[PDB]
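Engineer: Below you'll find target.cif; it's mmCIF, C-alpha atoms; chains and numbers go by the auth columns.
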data_query
loop_
_atom_site.group_PDB
_atom_site.id
_atom_site.type_symbol
_atom_site.label_atom_id
_atom_site.label_comp_id
_atom_site.label_asym_id
_atom_site.label_seq_id
_atom_site.Cartn_x
_atom_site.Cartn_y
_atom_site.Cartn_z
_atom_site.B_iso_or_equiv
_atom_site.auth_seq_id
_atom_site.auth_asym_id
ATOM 1 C CA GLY A 1 -43.524 0.638 -23.838 0.00 1 V
ATOM 2 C CA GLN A 2 -40.637 -1.692 -24.463 0.00 2 V
ATOM 3 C CA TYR A 3 -37.039 -0.851 -25.165 0.00 3 V
ATOM 4 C CA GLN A 4 -35.102 1.545 -22.974 0.00 4 V
ATOM 5 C CA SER A 5 -31.438 2.148 -23.727 0.00 5 V
ATOM 6 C CA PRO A 6 -28.909 1.077 -21.029 0.00 6 V
ATOM 7 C CA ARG A 7 -28.777 3.491 -18.090 0.00 7 V
ATOM 8 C CA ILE A 8 -26.137 3.484 -15.363 0.00 8 V
ATOM 9 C CA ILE A 9 -27.678 4.121 -11.980 0.00 9 V
ATOM 10 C CA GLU A 10 -24.565 3.685 -9.862 0.00 10 V
ATOM 11 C CA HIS A 11 -21.052 3.920 -11.235 0.00 11 V
ATOM 12 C CA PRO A 12 -18.105 2.212 -9.614 0.00 12 V
ATOM 13 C CA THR A 13 -16.404 4.383 -6.998 0.00 13 V
ATOM 14 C CA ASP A 14 -12.641 4.485 -6.310 0.00 14 V
ATOM 15 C CA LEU A 15 -11.457 1.952 -3.739 0.00 15 V
ATOM 16 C CA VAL A 16 -8.430 1.169 -1.562 0.00 16 V
ATOM 17 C CA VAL A 17 -7.789 -2.215 0.033 0.00 17 V
ATOM 18 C CA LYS A 18 -4.895 -4.223 1.412 0.00 18 V
ATOM 19 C CA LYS A 19 -3.344 -7.127 -0.518 0.00 19 V
ATOM 20 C CA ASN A 20 -5.496 -10.209 0.024 0.00 20 V
ATOM 21 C CA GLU A 21 -8.606 -8.394 1.241 0.00 21 V
ATOM 22 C CA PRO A 22 -11.897 -8.593 -0.597 0.00 22 V
ATOM 23 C CA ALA A 23 -12.940 -5.805 -2.932 0.00 23 V
ATOM 24 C CA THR A 24 -16.099 -4.805 -4.762 0.00 24 V
ATOM 25 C CA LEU A 25 -16.800 -2.374 -7.631 0.00 25 V
ATOM 26 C CA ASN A 26 -20.443 -1.599 -8.302 0.00 26 V
ATOM 27 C CA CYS A 27 -22.243 -1.138 -11.623 0.00 27 V
ATOM 28 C CA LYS A 28 -25.995 -0.979 -11.140 0.00 28 V
ATOM 29 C CA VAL A 29 -27.806 -0.436 -14.423 0.00 29 V
ATOM 30 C CA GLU A 30 -31.201 -0.809 -16.064 0.00 30 V
ATOM 31 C CA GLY A 31 -32.483 -1.269 -19.595 0.00 31 V
ATOM 32 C CA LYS A 32 -35.286 -2.938 -21.492 0.00 32 V
ATOM 33 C CA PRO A 33 -34.417 -5.579 -22.497 0.00 33 V
ATOM 34 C CA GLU A 34 -32.218 -6.193 -19.460 0.00 34 V
ATOM 35 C CA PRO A 35 -28.724 -5.283 -20.620 0.00 35 V
ATOM 36 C CA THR A 36 -25.613 -7.336 -20.084 0.00 36 V
ATOM 37 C CA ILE A 37 -22.580 -5.881 -18.316 0.00 37 V
ATOM 38 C CA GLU A 38 -18.886 -6.268 -19.112 0.00 38 V
ATOM 39 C CA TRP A 39 -15.874 -5.085 -17.149 0.00 39 V
ATOM 40 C CA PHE A 40 -12.665 -3.480 -18.362 0.00 40 V
ATOM 41 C CA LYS A 41 -9.391 -2.743 -16.551 0.00 41 V
ATOM 42 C CA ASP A 42 -7.002 -0.255 -18.177 0.00 42 V
ATOM 43 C CA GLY A 43 -8.525 -0.670 -21.611 0.00 43 V
ATOM 44 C CA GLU A 44 -8.633 -4.453 -21.612 0.00 44 V
ATOM 45 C CA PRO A 45 -11.731 -6.547 -20.772 0.00 45 V
ATOM 46 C CA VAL A 46 -11.882 -8.468 -17.501 0.00 46 V
ATOM 47 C CA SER A 47 -12.672 -12.168 -17.586 0.00 47 V
ATOM 48 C CA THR A 48 -15.067 -12.983 -14.718 0.00 48 V
ATOM 49 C CA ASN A 49 -16.805 -16.183 -13.555 0.00 49 V
ATOM 50 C CA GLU A 50 -14.352 -18.592 -15.147 0.00 50 V
ATOM 51 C CA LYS A 51 -12.301 -21.438 -13.671 0.00 51 V
ATOM 52 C CA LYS A 52 -9.236 -19.326 -14.508 0.00 52 V
ATOM 53 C CA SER A 53 -9.828 -15.896 -12.942 0.00 53 V
ATOM 54 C CA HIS A 54 -10.270 -15.009 -9.287 0.00 54 V
ATOM 55 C CA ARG A 55 -12.853 -12.397 -10.244 0.00 55 V
ATOM 56 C CA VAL A 56 -16.617 -12.833 -9.949 0.00 56 V
ATOM 57 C CA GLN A 57 -19.428 -10.879 -11.518 0.00 57 V
ATOM 58 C CA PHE A 58 -22.604 -10.541 -9.480 0.00 58 V
ATOM 59 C CA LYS A 59 -26.028 -10.585 -11.097 0.00 59 V
ATOM 60 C CA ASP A 60 -26.313 -6.926 -10.059 0.00 60 V
ATOM 61 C CA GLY A 61 -23.331 -6.104 -12.265 0.00 61 V
ATOM 62 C CA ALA A 62 -20.798 -5.706 -9.485 0.00 62 V
ATOM 63 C CA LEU A 63 -17.262 -6.961 -10.030 0.00 63 V
ATOM 64 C CA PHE A 64 -16.102 -8.963 -6.992 0.00 64 V
ATOM 65 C CA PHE A 65 -12.670 -10.014 -5.754 0.00 65 V
ATOM 66 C CA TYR A 66 -12.784 -12.470 -2.871 0.00 66 V
ATOM 67 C CA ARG A 67 -9.064 -12.354 -2.421 0.00 67 V
ATOM 68 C CA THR A 68 -7.477 -9.311 -3.987 0.00 68 V
ATOM 69 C CA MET A 69 -4.044 -9.920 -5.551 0.00 69 V
ATOM 70 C CA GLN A 70 -1.018 -7.720 -6.204 0.00 70 V
ATOM 71 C CA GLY A 71 2.080 -9.777 -6.872 0.00 71 V
ATOM 72 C CA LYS A 72 4.175 -11.197 -9.692 0.00 72 V
ATOM 73 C CA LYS A 73 1.469 -13.502 -10.965 0.00 73 V
ATOM 74 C CA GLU A 74 -1.649 -11.304 -10.729 0.00 74 V
ATOM 75 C CA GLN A 75 -1.953 -7.502 -10.456 0.00 75 V
ATOM 76 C CA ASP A 76 -5.468 -6.311 -9.503 0.00 76 V
ATOM 77 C CA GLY A 77 -4.654 -2.646 -9.009 0.00 77 V
ATOM 78 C CA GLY A 78 -5.798 -0.515 -11.928 0.00 78 V
ATOM 79 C CA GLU A 79 -8.478 1.605 -13.623 0.00 79 V
ATOM 80 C CA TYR A 80 -11.900 -0.071 -13.923 0.00 80 V
ATOM 81 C CA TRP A 81 -15.270 0.534 -15.576 0.00 81 V
ATOM 82 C CA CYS A 82 -18.290 -1.346 -16.932 0.00 82 V
ATOM 83 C CA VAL A 83 -20.339 -1.183 -20.127 0.00 83 V
ATOM 84 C CA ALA A 84 -24.027 -2.024 -20.293 0.00 84 V
ATOM 85 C CA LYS A 85 -25.372 -3.157 -23.642 0.00 85 V
ATOM 86 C CA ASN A 86 -28.807 -4.207 -24.860 0.00 86 V
ATOM 87 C CA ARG A 87 -30.309 -3.996 -28.341 0.00 87 V
ATOM 88 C CA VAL A 88 -31.308 -0.334 -28.020 0.00 88 V
ATOM 89 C CA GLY A 89 -27.850 0.994 -27.361 0.00 89 V
ATOM 90 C CA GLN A 90 -25.109 0.979 -24.770 0.00 90 V
ATOM 91 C CA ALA A 91 -23.757 2.916 -21.794 0.00 91 V
ATOM 92 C CA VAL A 92 -20.312 3.357 -20.252 0.00 92 V
ATOM 93 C CA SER A 93 -19.601 4.002 -16.589 0.00 93 V
ATOM 94 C CA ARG A 94 -17.318 6.687 -15.257 0.00 94 V
ATOM 95 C CA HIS A 95 -13.886 5.180 -14.461 0.00 95 V
ATOM 96 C CA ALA A 96 -12.943 4.002 -10.960 0.00 96 V
ATOM 97 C CA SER A 97 -9.532 3.193 -9.607 0.00 97 V
ATOM 98 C CA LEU A 98 -8.732 0.192 -7.456 0.00 98 V
ATOM 99 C CA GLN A 99 -5.495 0.206 -5.489 0.00 99 V
ATOM 100 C CA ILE A 100 -3.963 -2.498 -3.391 0.00 100 V
ATOM 101 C CA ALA A 101 -1.894 -1.515 -0.399 0.00 101 V
ATOM 102 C CA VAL A 102 1.054 -3.764 0.483 0.00 102 V
ATOM 103 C CA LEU A 103 3.879 -3.979 3.027 0.00 103 V
ATOM 104 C CA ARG A 104 6.413 -6.802 2.804 0.00 104 V
ATOM 105 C CA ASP A 105 7.829 -7.986 6.120 0.00 105 V
ATOM 106 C CA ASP A 106 11.469 -8.359 5.233 0.00 106 V
ATOM 107 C CA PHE A 107 13.786 -5.406 5.721 0.00 107 V
ATOM 108 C CA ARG A 108 16.470 -4.909 3.070 0.00 108 V
ATOM 109 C CA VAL A 109 18.952 -4.346 5.918 0.00 109 V
ATOM 110 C CA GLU A 110 18.563 -4.341 9.694 0.00 110 V
ATOM 111 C CA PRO A 111 20.768 -2.517 12.249 0.00 111 V
ATOM 112 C CA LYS A 112 23.271 -4.697 14.146 0.00 112 V
ATOM 113 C CA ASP A 113 24.885 -3.951 17.538 0.00 113 V
ATOM 114 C CA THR A 114 27.705 -1.462 17.107 0.00 114 V
ATOM 115 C CA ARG A 115 30.433 -0.248 19.485 0.00 115 V
ATOM 116 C CA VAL A 116 31.872 3.146 18.520 0.00 116 V
ATOM 117 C CA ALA A 117 34.828 5.416 19.362 0.00 117 V
ATOM 118 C CA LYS A 118 33.786 8.676 21.083 0.00 118 V
ATOM 119 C CA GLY A 119 33.651 11.878 19.018 0.00 119 V
ATOM 120 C CA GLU A 120 33.798 9.567 16.008 0.00 120 V
ATOM 121 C CA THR A 121 31.132 8.802 13.375 0.00 121 V
ATOM 122 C CA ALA A 122 28.638 5.890 13.734 0.00 122 V
ATOM 123 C CA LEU A 123 26.271 4.438 11.123 0.00 123 V
ATOM 124 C CA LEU A 124 23.254 2.337 12.110 0.00 124 V
ATOM 125 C CA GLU A 125 21.764 0.356 9.271 0.00 125 V
ATOM 126 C CA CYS A 126 18.182 0.235 8.151 0.00 126 V
ATOM 127 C CA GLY A 127 16.718 -0.815 4.822 0.00 127 V
ATOM 128 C CA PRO A 128 12.929 -0.622 5.154 0.00 128 V
ATOM 129 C CA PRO A 129 11.005 -3.371 3.362 0.00 129 V
ATOM 130 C CA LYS A 130 9.385 -2.328 0.068 0.00 130 V
ATOM 131 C CA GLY A 131 5.747 -1.341 0.216 0.00 131 V
ATOM 132 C CA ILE A 132 3.025 0.751 -1.370 0.00 132 V
ATOM 133 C CA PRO A 133 1.991 3.414 -0.503 0.00 133 V
ATOM 134 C CA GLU A 134 5.664 4.154 0.090 0.00 134 V
ATOM 135 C CA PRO A 135 6.249 3.305 3.768 0.00 135 V
ATOM 136 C CA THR A 136 7.911 5.803 6.122 0.00 136 V
ATOM 137 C CA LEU A 137 10.882 5.219 8.378 0.00 137 V
ATOM 138 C CA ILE A 138 11.436 6.494 11.910 0.00 138 V
ATOM 139 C CA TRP A 139 14.078 5.598 14.461 0.00 139 V
ATOM 140 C CA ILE A 140 13.518 4.690 18.072 0.00 140 V
ATOM 141 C CA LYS A 141 15.907 4.920 20.978 0.00 141 V
ATOM 142 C CA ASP A 142 15.285 3.101 24.191 0.00 142 V
ATOM 143 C CA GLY A 143 11.517 3.165 24.001 0.00 143 V
ATOM 144 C CA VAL A 144 10.991 6.655 22.658 0.00 144 V
ATOM 145 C CA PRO A 145 11.004 7.900 19.030 0.00 145 V
ATOM 146 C CA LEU A 146 14.079 9.721 17.840 0.00 146 V
ATOM 147 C CA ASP A 147 12.298 12.837 16.679 0.00 147 V
ATOM 148 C CA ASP A 148 10.843 13.216 20.183 0.00 148 V
ATOM 149 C CA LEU A 149 14.329 13.774 21.567 0.00 149 V
ATOM 150 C CA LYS A 150 15.553 15.987 18.778 0.00 150 V
ATOM 151 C CA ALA A 151 12.512 17.929 20.009 0.00 151 V
ATOM 152 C CA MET A 152 14.203 18.668 23.324 0.00 152 V
ATOM 153 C CA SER A 153 17.736 18.762 22.049 0.00 153 V
ATOM 154 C CA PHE A 154 19.634 21.977 21.611 0.00 154 V
ATOM 155 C CA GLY A 155 22.745 21.908 19.484 0.00 155 V
ATOM 156 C CA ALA A 156 23.496 20.553 16.007 0.00 156 V
ATOM 157 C CA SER A 157 20.546 18.830 14.348 0.00 157 V
ATOM 158 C CA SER A 158 22.742 18.063 11.358 0.00 158 V
ATOM 159 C CA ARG A 159 24.361 15.533 13.671 0.00 159 V
ATOM 160 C CA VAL A 160 22.088 12.579 14.348 0.00 160 V
ATOM 161 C CA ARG A 161 20.372 12.339 10.952 0.00 161 V
ATOM 162 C CA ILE A 162 18.696 9.724 8.751 0.00 162 V
ATOM 163 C CA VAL A 163 19.954 9.099 5.251 0.00 163 V
ATOM 164 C CA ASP A 164 19.922 6.825 2.199 0.00 164 V
ATOM 165 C CA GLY A 165 16.282 6.222 2.964 0.00 165 V
ATOM 166 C CA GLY A 166 16.903 4.386 6.211 0.00 166 V
ATOM 167 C CA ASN A 167 20.429 4.543 7.622 0.00 167 V
ATOM 168 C CA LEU A 168 20.943 6.596 10.753 0.00 168 V
ATOM 169 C CA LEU A 169 24.099 8.701 10.741 0.00 169 V
ATOM 170 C CA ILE A 170 25.701 9.810 13.991 0.00 170 V
ATOM 171 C CA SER A 171 28.756 12.064 13.659 0.00 171 V
ATOM 172 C CA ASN A 172 30.578 13.121 16.847 0.00 172 V
ATOM 173 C CA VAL A 173 29.261 10.508 19.260 0.00 173 V
ATOM 174 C CA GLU A 174 28.635 11.327 22.914 0.00 174 V
ATOM 175 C CA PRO A 175 27.975 9.185 26.045 0.00 175 V
ATOM 176 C CA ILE A 176 24.419 10.284 25.406 0.00 176 V
ATOM 177 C CA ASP A 177 24.339 8.827 21.841 0.00 177 V
ATOM 178 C CA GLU A 178 24.633 5.450 23.466 0.00 178 V
ATOM 179 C CA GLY A 179 21.678 3.101 23.829 0.00 179 V
ATOM 180 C CA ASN A 180 19.287 0.850 21.917 0.00 180 V
ATOM 181 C CA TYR A 181 18.233 1.712 18.363 0.00 181 V
ATOM 182 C CA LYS A 182 15.375 0.321 16.276 0.00 182 V
ATOM 183 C CA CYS A 183 13.785 1.479 12.999 0.00 183 V
ATOM 184 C CA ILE A 184 10.144 1.201 11.957 0.00 184 V
ATOM 185 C CA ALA A 185 8.615 1.233 8.496 0.00 185 V
ATOM 186 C CA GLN A 186 4.963 2.133 8.193 0.00 186 V
ATOM 187 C CA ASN A 187 2.145 2.586 5.692 0.00 187 V
ATOM 188 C CA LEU A 188 -1.574 1.858 5.319 0.00 188 V
ATOM 189 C CA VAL A 189 -1.115 -1.882 5.733 0.00 189 V
ATOM 190 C CA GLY A 190 0.691 -1.944 9.057 0.00 190 V
ATOM 191 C CA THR A 191 4.088 -1.420 10.616 0.00 191 V
ATOM 192 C CA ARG A 192 7.401 -3.237 10.495 0.00 192 V
ATOM 193 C CA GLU A 193 9.956 -3.123 13.312 0.00 193 V
ATOM 194 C CA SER A 194 13.600 -4.034 12.854 0.00 194 V
ATOM 195 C CA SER A 195 15.246 -5.735 15.808 0.00 195 V
ATOM 196 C CA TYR A 196 16.939 -3.497 18.380 0.00 196 V
ATOM 197 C CA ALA A 197 20.668 -2.761 18.400 0.00 197 V
ATOM 198 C CA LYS A 198 22.930 -1.530 21.208 0.00 198 V
ATOM 199 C CA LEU A 199 25.258 1.340 20.298 0.00 199 V
ATOM 200 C CA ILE A 200 27.920 1.546 23.004 0.00 200 V
ATOM 201 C CA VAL A 201 30.053 4.672 23.384 0.00 201 V
ATOM 202 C CA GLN A 202 33.773 5.020 24.159 0.00 202 V
#
Would you give me this structure, written as structure tokens?
Structural biologist:
Amino acid sequence: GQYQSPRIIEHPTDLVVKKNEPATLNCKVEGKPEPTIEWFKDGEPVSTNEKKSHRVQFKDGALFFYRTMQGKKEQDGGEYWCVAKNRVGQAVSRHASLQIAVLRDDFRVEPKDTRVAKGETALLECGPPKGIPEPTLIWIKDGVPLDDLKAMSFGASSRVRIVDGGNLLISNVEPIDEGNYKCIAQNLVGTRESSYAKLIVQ
């Protein structure tokens, strides 16, 4: 007849996007009279369609971010859900989680050319830039990735080893441990390459 309590046809589904990309969370619903929708993020209500927020709420109930944010000012990553209400009751949507990937382009430390005394210890420096998901570091020597040599190397692995989440340690240097070194941080966003550095032996 008339009246039909708020029903949620499509709940918002988890989403992953990179800082500054657009993002959408759906909330299709139906109810007679036509219910009104409201969004919440981690227990608090989200203000949408105001001169102040960068969030928009479509007539279909979807929450829309034209330029997702994840900095000091605004933090869009969180747990989200909607609530449809009309005069014959209400309905809550299952929760969805929005996460914003990020990868600063500014290493904390970058390796600098180093000349070392044979058989003696050498420390290349690499402080990957912060990022989330946590980025991963790998070292490169003259074009090819470090691990790809360790692959073919016999002898002490404990030697050439990464440490302190970045720094490459090289105990007992050999005329083979000489060359160009570069580190690379990487995550969902993209990759970050430090500048190269020449380690000269003897």
Engineer: Within 7 Å of (-14.4, -0.8, -13.2), all atoms listed in the file: residues as a list in words?
Structural biologist: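 Selection result: residues 12, 25, 39, 40, 41, 79, 80, 81, 82, 95 and 96 of chain V.
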Engineer: Run the PyMOL selection byres ((chain V and resi 180) around 6) against the file shown and list the residues it catches, as a list in words.
Structural biologist: residues 141, 142, 179, 181, 197 and 198 of chain V
Engineer: Counting only C-alpha atoms, which residues in stretch 42-107 of chain V sit no more than 10 Å from stretch 15-22 of chain V? For each one, give the nearest pair of atoms and the distance in Å, sorted by chain then residue number, as a Markdown table.
Structural biologist:
| residue | atom | partner | partner_atom | distance |
| --- | --- | --- | --- | --- |
| V:64 | CA | V:22 | CA | 7.7 |
| V:65 | CA | V:22 | CA | 5.4 |
| V:66 | CA | V:22 | CA | 4.6 |
| V:67 | CA | V:20 | CA | 4.8 |
| V:68 | CA | V:20 | CA | 4.6 |
| V:69 | CA | V:20 | CA | 5.8 |
| V:70 | CA | V:19 | CA | 6.2 |
| V:71 | CA | V:19 | CA | 8.8 |
| V:76 | CA | V:19 | CA | 9.3 |
| V:77 | CA | V:16 | CA | 9.2 |
| V:96 | CA | V:15 | CA | 7.7 |
| V:97 | CA | V:15 | CA | 6.3 |
| V:98 | CA | V:15 | CA | 4.9 |
| V:99 | CA | V:16 | CA | 5.0 |
| V:100 | CA | V:17 | CA | 5.1 |
| V:101 | CA | V:18 | CA | 4.4 |
| V:102 | CA | V:19 | CA | 5.6 |
| V:103 | CA | V:19 | CA | 8.6 |
Engineer: What gap, in Å, lies between atom CA of residue V:113 and atom CA of residue V:158?
Structural biologist: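 That distance, rounded to one decimal, is 23.0 Å.
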Engineer: What does the distance between atom CA of residue V:53 and atom CA of residue V:72 come to in Å, to one decimal place?
Structural biologist: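 Value for the atom CA of residue V:53-atom CA of residue V:72 distance: 15.1 Å.
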Engineer: Show me, as an mmCIF file with C-alpha atoms, keeping the file's coordinate frame, the residues that have an atom within 12 Å of stretch 85-92 of chain V when counting only C-alpha atoms, minus same-chain residues fewer than 5 positions from it.
Structural biologist:
data_model
loop_
_atom_site.group_PDB
_atom_site.id
_atom_site.type_symbol
_atom_site.label_atom_id
_atom_site.label_comp_id
_atom_site.auth_asym_id
_atom_site.auth_seq_id
_atom_site.Cartn_x
_atom_site.Cartn_y
_atom_site.Cartn_z
ATOM 1 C CA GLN V 2 -40.637 -1.692 -24.463
ATOM 2 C CA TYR V 3 -37.039 -0.851 -25.165
ATOM 3 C CA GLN V 4 -35.102 1.545 -22.974
ATOM 4 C CA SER V 5 -31.438 2.148 -23.727
ATOM 5 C CA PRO V 6 -28.909 1.077 -21.029
ATOM 6 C CA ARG V 7 -28.777 3.491 -18.090
ATOM 7 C CA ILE V 8 -26.137 3.484 -15.363
ATOM 8 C CA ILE V 9 -27.678 4.121 -11.980
ATOM 9 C CA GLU V 10 -24.565 3.685 -9.862
ATOM 10 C CA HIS V 11 -21.052 3.920 -11.235
ATOM 11 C CA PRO V 12 -18.105 2.212 -9.614
ATOM 12 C CA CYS V 27 -22.243 -1.138 -11.623
ATOM 13 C CA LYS V 28 -25.995 -0.979 -11.140
ATOM 14 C CA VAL V 29 -27.806 -0.436 -14.423
ATOM 15 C CA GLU V 30 -31.201 -0.809 -16.064
ATOM 16 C CA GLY V 31 -32.483 -1.269 -19.595
ATOM 17 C CA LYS V 32 -35.286 -2.938 -21.492
ATOM 18 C CA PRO V 33 -34.417 -5.579 -22.497
ATOM 19 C CA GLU V 34 -32.218 -6.193 -19.460
ATOM 20 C CA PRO V 35 -28.724 -5.283 -20.620
ATOM 21 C CA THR V 36 -25.613 -7.336 -20.084
ATOM 22 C CA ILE V 37 -22.580 -5.881 -18.316
ATOM 23 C CA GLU V 38 -18.886 -6.268 -19.112
ATOM 24 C CA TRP V 39 -15.874 -5.085 -17.149
ATOM 25 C CA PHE V 40 -12.665 -3.480 -18.362
ATOM 26 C CA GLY V 61 -23.331 -6.104 -12.265
ATOM 27 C CA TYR V 80 -11.900 -0.071 -13.923
#
Engineer: Which residues, written as a PDB file with C-alpha atoms, in the coordinates of the input, have at least one atom at most 9 Å from stretch 160-163 of chain V, with all atoms listed in the file counted and residues fewer than 4 positions away on the same chain left out?
Structural biologist:
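Result saved to out.pdb:
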ATOM      1  CA  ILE V 138      11.436   6.494  11.910  1.00  0.00           C
ATOM      2  CA  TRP V 139      14.078   5.598  14.461  1.00  0.00           C
ATOM      3  CA  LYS V 150      15.553  15.987  18.778  1.00  0.00           C
ATOM      4  CA  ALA V 156      23.496  20.553  16.007  1.00  0.00           C
ATOM      5  CA  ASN V 167      20.429   4.543   7.622  1.00  0.00           C
ATOM      6  CA  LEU V 168      20.943   6.596  10.753  1.00  0.00           C
ATOM      7  CA  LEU V 169      24.099   8.701  10.741  1.00  0.00           C
ATOM      8  CA  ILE V 170      25.701   9.810  13.991  1.00  0.00           C
ATOM      9  CA  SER V 171      28.756  12.064  13.659  1.00  0.00           C
ATOM     10  CA  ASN V 172      30.578  13.121  16.847  1.00  0.00           C
ATOM     11  CA  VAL V 173      29.261  10.508  19.260  1.00  0.00           C
ATOM     12  CA  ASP V 177      24.339   8.827  21.841  1.00  0.00           C
TER      13      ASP V 177
END
Engineer: Could you list, as an NGL selection string, every residue matched by the PyMOL selection byres ((chain V and resi 118) around 8) in this structure?
Structural biologist: :V and (116-117 or 119-120 or 172-175 or 201-202)
Engineer: Have a look at V:195, V:93, V:115, V:108 and name the one nearest to residue V:178; count only C-alpha atoms.
Structural biologist: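 Nearest candidate to residue V:178 out of V:195, V:93, V:115, V:108: V:115.
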Engineer: In Å to one decimal, how far is atom CA of residue V:109 from atom CA of residue V:125?
Structural biologist: 6.4 Å
Engineer: Padding of 5 Å on every side, edges along x, y and z, all listed atoms of stretch 154-173 of chain V included: what centre and edge lengths in Å, to one decimal, does that box have, as JSON?
Structural biologist:
{"center_x": 23.4, "center_y": 13.2, "center_z": 11.9, "size_x": 24.3, "size_y": 27.6, "size_z": 29.4}
Engineer: Taking only C-alpha atoms into account, name the residue in V:73, V:78, V:189, V:131 that is nearest to residue V:44.
Structural biologist: V:78
Engineer: So, counting all atoms listed in the file, which residue among V:196, V:58, V:154, V:107 is closest to residue V:128?
Structural biologist: V:107
Engineer: From the list V:184, V:62, V:55, V:112, which residue is nearest residue V:146 when using only C-alpha atoms?
Structural biologist: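 Among the listed residues, the smallest separation from residue V:146 belongs to V:184.
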Engineer: Name the closest residue to residue V:186 among the candidates V:157, V:136, V:57, V:24; distances are taken between atoms, counting only C-alpha atoms.
Structural biologist: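 Of the candidates, the smallest distance to residue V:186 is held by V:136.
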Engineer: Using only C-alpha atoms, which of the listed residues (V:182, V:159, V:104, V:130) sits closest to residue V:143?
Structural biologist: V:182
Engineer: Please, could N, CA and C atoms be added to stretch 55-73 of chain V and the result written as a PDB file, in the coordinates of the input?
Structural biologist:
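The file below, result_7.pdb, is the result:
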ATOM      1  N   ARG V  55     -11.878 -13.476 -10.244  1.00  0.00           N
ATOM      2  CA  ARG V  55     -12.853 -12.397 -10.244  1.00  0.00           C
ATOM      3  C   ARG V  55     -14.243 -12.957 -10.500  1.00  0.00           C
ATOM      4  N   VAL V  56     -15.236 -12.385  -9.830  1.00  0.00           N
ATOM      5  CA  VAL V  56     -16.617 -12.833  -9.949  1.00  0.00           C
ATOM      6  C   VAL V  56     -17.515 -11.681 -10.322  1.00  0.00           C
ATOM      7  N   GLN V  57     -18.535 -11.944 -11.120  1.00  0.00           N
ATOM      8  CA  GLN V  57     -19.428 -10.879 -11.518  1.00  0.00           C
ATOM      9  C   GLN V  57     -20.833 -11.155 -11.028  1.00  0.00           C
ATOM     10  N   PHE V  58     -21.279 -10.376 -10.054  1.00  0.00           N
ATOM     11  CA  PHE V  58     -22.604 -10.541  -9.480  1.00  0.00           C
ATOM     12  C   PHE V  58     -23.708 -10.236 -10.467  1.00  0.00           C
ATOM     13  N   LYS V  59     -24.880 -10.801 -10.225  1.00  0.00           N
ATOM     14  CA  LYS V  59     -26.028 -10.585 -11.097  1.00  0.00           C
ATOM     15  C   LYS V  59     -26.448  -9.128 -11.101  1.00  0.00           C
ATOM     16  N   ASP V  60     -25.988  -8.350 -10.114  1.00  0.00           N
ATOM     17  CA  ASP V  60     -26.313  -6.926 -10.059  1.00  0.00           C
ATOM     18  C   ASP V  60     -25.272  -6.100 -10.838  1.00  0.00           C
ATOM     19  N   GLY V  61     -24.336  -6.791 -11.482  1.00  0.00           N
ATOM     20  CA  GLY V  61     -23.331  -6.104 -12.265  1.00  0.00           C
ATOM     21  C   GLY V  61     -22.031  -5.805 -11.557  1.00  0.00           C
ATOM     22  N   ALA V  62     -21.999  -5.987 -10.246  1.00  0.00           N
ATOM     23  CA  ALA V  62     -20.798  -5.706  -9.485  1.00  0.00           C
ATOM     24  C   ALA V  62     -19.664  -6.671  -9.789  1.00  0.00           C
ATOM     25  N   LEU V  63     -18.442  -6.159  -9.792  1.00  0.00           N
ATOM     26  CA  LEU V  63     -17.262  -6.961 -10.030  1.00  0.00           C
ATOM     27  C   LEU V  63     -16.768  -7.285  -8.632  1.00  0.00           C
ATOM     28  N   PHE V  64     -16.529  -8.560  -8.334  1.00  0.00           N
ATOM     29  CA  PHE V  64     -16.102  -8.963  -6.992  1.00  0.00           C
ATOM     30  C   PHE V  64     -14.819  -9.763  -6.851  1.00  0.00           C
ATOM     31  N   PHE V  65     -13.928  -9.313  -5.976  1.00  0.00           N
ATOM     32  CA  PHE V  65     -12.670 -10.014  -5.754  1.00  0.00           C
ATOM     33  C   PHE V  65     -12.750 -10.591  -4.361  1.00  0.00           C
ATOM     34  N   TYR V  66     -12.716 -11.914  -4.220  1.00  0.00           N
ATOM     35  CA  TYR V  66     -12.784 -12.470  -2.871  1.00  0.00           C
ATOM     36  C   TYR V  66     -11.443 -12.362  -2.215  1.00  0.00           C
ATOM     37  N   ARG V  67     -10.392 -12.478  -2.999  1.00  0.00           N
ATOM     38  CA  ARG V  67      -9.064 -12.354  -2.421  1.00  0.00           C
ATOM     39  C   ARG V  67      -8.229 -11.523  -3.379  1.00  0.00           C
ATOM     40  N   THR V  68      -8.197 -10.223  -3.131  1.00  0.00           N
ATOM     41  CA  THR V  68      -7.477  -9.311  -3.987  1.00  0.00           C
ATOM     42  C   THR V  68      -6.020  -9.727  -4.116  1.00  0.00           C
ATOM     43  N   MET V  69      -5.441  -9.552  -5.305  1.00  0.00           N
ATOM     44  CA  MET V  69      -4.044  -9.920  -5.551  1.00  0.00           C
ATOM     45  C   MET V  69      -3.204  -8.776  -6.078  1.00  0.00           C
ATOM     46  N   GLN V  70      -1.916  -8.782  -5.759  1.00  0.00           N
ATOM     47  CA  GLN V  70      -1.018  -7.720  -6.204  1.00  0.00           C
ATOM     48  C   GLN V  70       0.426  -8.186  -6.143  1.00  0.00           C
ATOM     49  N   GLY V  71       0.729  -9.253  -6.870  1.00  0.00           N
ATOM     50  CA  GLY V  71       2.080  -9.777  -6.872  1.00  0.00           C
ATOM     51  C   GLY V  71       2.700  -9.888  -8.246  1.00  0.00           C
ATOM     52  N   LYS V  72       3.496 -10.937  -8.429  1.00  0.00           N
ATOM     53  CA  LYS V  72       4.175 -11.197  -9.692  1.00  0.00           C
ATOM     54  C   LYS V  72       3.214 -11.864 -10.655  1.00  0.00           C
ATOM     55  N   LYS V  73       2.423 -12.792 -10.134  1.00  0.00           N
ATOM     56  CA  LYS V  73       1.469 -13.502 -10.965  1.00  0.00           C
ATOM     57  C   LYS V  73       0.326 -12.585 -11.402  1.00  0.00           C
TER      58      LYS V  73
END
